[PDB]
Structures are given as C-alpha cells and as structure tokens.
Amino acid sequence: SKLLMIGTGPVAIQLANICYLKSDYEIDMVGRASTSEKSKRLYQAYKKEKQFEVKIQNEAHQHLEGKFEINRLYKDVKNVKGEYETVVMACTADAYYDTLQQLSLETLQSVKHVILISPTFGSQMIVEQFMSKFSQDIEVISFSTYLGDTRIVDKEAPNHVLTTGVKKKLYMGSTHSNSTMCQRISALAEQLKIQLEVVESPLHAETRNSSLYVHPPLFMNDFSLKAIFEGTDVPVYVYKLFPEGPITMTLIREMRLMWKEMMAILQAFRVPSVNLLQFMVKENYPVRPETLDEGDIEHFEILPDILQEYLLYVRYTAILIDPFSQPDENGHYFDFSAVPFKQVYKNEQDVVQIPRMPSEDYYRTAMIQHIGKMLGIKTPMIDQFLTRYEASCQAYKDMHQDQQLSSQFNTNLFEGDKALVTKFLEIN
C-alpha cells in the first residue's frame, strides 16, 4: 500500500484526490523540476500551501472534488526511493519508458501494477516488456483515455485544478483477466458514477480512443502544419472547412485510409474493429437525428468506401456549430468549431516547443508505423503523415537557425520504445 504517481499536472492531481479519498494507499507524486519550469512552479506551490485542491464546475461531479495532502512530493524522478506496489502513469505516453528507466532497481523490483492513464496503441507492450527485466509477473493496465477534462485556471496556483467534464464511457484492460486490481478499479468507477467497460486486453482498450484515428489526418497535412509551424495571414481553425480550416474531402479520405490500415493491424491482434462513426456520434458529440441515418451509423464498417467518407464529412459539418446549443434571436448557434491551432512557441528559457498537437500524435503514429512493419502490414497513409511532420520539423530548423530548439525537432526519437516493441512482438 504505497502508490507512486508519475506526473504533477491536473490529471495527476485529480487522480491523486481519488486515491486519497477512495483508497488505502499512501501516495507519493513525482514531477521533473530537473527539466521543467511547469513542474517547478507546481512543486513551489505545493510546498507553500501543503495542499492540493480539485474544484468542479458541474455539481454532477461532487464526488471528484476535494482538498488533500499527499505523503511525499518528489521533485524529480531520480529522487524516488523505496518500494511501491502500484505505479500510476499520469504523464504523456511518450515518457513512459524514459521515466521508468530512471527509477532505481529496488523501486522497479517492488512494482506489482503499472496503470497507464493516457496510453497510446502500443504502450502496454512497451511497459510490460520493460518492466519484465525486474518482475516476473508485472500486471499492466491500460485505460482508453483519462476520465474527463481537468485544467489549471491560474498558472500561478497550479496545485488548484478544475475538472470541467467527465466522459460518458471509458474502457480498460489488464494483462491479467479479471484480476483483483481490475475488480477494484471497476468498483471504484461505480463509486465515481463513471461507466467502465472492461475489455479483454490493454491493447483492446488503447484502440477505443477516437484521437488515434482523427488527430493525424487533422494535424499532419499541409494546411495544419503551416498553421502550427509558420502561421497564417488570418486566424484559421482546426475544425472548419477549407479555407477556414483543413477539412476537405481529401482530409476525410486520408482519415478513412488511416483508419483502415489501423483496422488491418487490429485484425492481426484479433482485437475487434472500431466503428469510428458510431464512436464519434454516440460517445463523443451527438448530432440531430435528421443529420445521419441510424442504419448508416450502425452499419458504418461494412458500407462502401465513398459512403464511409461522405458520412465522416457530414459528421464534421454537423458539428461546425453545437446543434444542441440555444440559438440566438438571429438563428445563430454556438461556434463550436472555432478552435485555433496552437503554434510553435518559446518557453520561458527561449527554447522553441512544438505544441501537444501534433507532438504527441507523431509519437502515436510512429509507434503505429513500427507495429505495422513488425507485423508485415503496409501503412502508406501513416508513412506519409510522418514524412510530412518530419519535413515541417526540418523546414523549421533550416528556417530558424538563430533559435534554440527542443529535442522534439530531432530524429529518430523513440529508439528505446521501438526496440521494446520489436522485442515484445518476437516473444508474443
């Protein structure tokens, strides 16, 4: 009953409050002041108040709120010592390996369960294969996504967070069928009034994340890459139609193609296919009954290619506005699609960063590409996505030689992660 929570962002804090209130674990958290001004402000803020706080916006989510203290906030990963039964990874998926590899042998030998909160497709494999050198029977659990939306209102008080939304449905799988830890997590979800479908494997759960299929076409195209890396004459928007945004028949086709390459990969692992339209429409953002035929939603996976694309395009067009918002007196609804692209930006030490979109999708897609090679499945759409992103990175370096740039601009990243997946797939 010690828990190590890797991450100090909003997600980590929400999760830490849940553990504090609903579990018997003594909770230690770990940041990275050694490489992050964000982490250092969190550490400094917690040191001062000796409290974290979760607020909510909608009283529907009361049970998530609270003020709490933890046992120990570690300033950096390398400081971690001792034994922990359970490790929770509330960092971004690209840091799982790099973070675990900094823990001590003593810590790593003690671990029974690693719980991955926002893994990509392939994360459990990386983490299981890694932890295997230290443990004979490591249990790894993957969720589909984090449970909701949590943020910091005020950058200067990053120990106070606000959960604004909770997802309707989440998925979870374990390396160990119907384990004690699965059942405890299931009982916890019930207590939190969150629906949780237990699926056969972590990989099954990792594939129930709409972002895997959608972010790459949306962000790794010429229109978007320009908006993020170079800028635009007038503001453009992620979810709008060309020329206001990237959405085009071309983009929708690239999405279908990527989805099918992913469905081929999933057939190899014998994981069920994902009805991308049903997911979008019944689990994410609803549309009016008049917009899409219920038969077309249900049968999406077996409909002709051109029809799958038409339905995706139509879906995106239907959420240009929030059709369930209150129209004003001129018949105008809330501009739900007016989401700006975040541009490349200088941190407070003048180092250029690439924003989460598409930083993190480069990692996800790079891993999907690598699984693909190892299984002998072709992924020409994936490949092109990655090529475009690499081009934009190289173009930025050539164009901004007087600028200090983060390691995100380098090639070829993720060698350790790739080696572990390679090894895991030789063994099964």
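Quick note: we count residues from 1 along the sequence shown, nothing fancier.
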| query | finding |
| --- | --- |
| Mean temperature factor over C-alpha atoms, higher-scoring stretch between 111-119 and 267-275 | 267-275 |
| Stretch exceeding the other in mean C-alpha B-factor - 290-298, 315-323 | 290-298 |
| Most elevated Cα B-factor in the entry, residues 248, 132, 79, 308 | 132 |
| Third of chain Cα B-factors occupied by residue 12 | lowest |
| Cα B factor band for residue 18 (lowest, middle or highest third within the chain) | lowest |
| Third of the chain's Cα B-factor distribution that residue 53 belongs to, per the entry | middle |
| Third of the chain's Cα B-factor distribution that residue 397 belongs to, per the entry | middle |
| Within-chain third of residue 388 by Cα B-factor, per the entry | lowest |
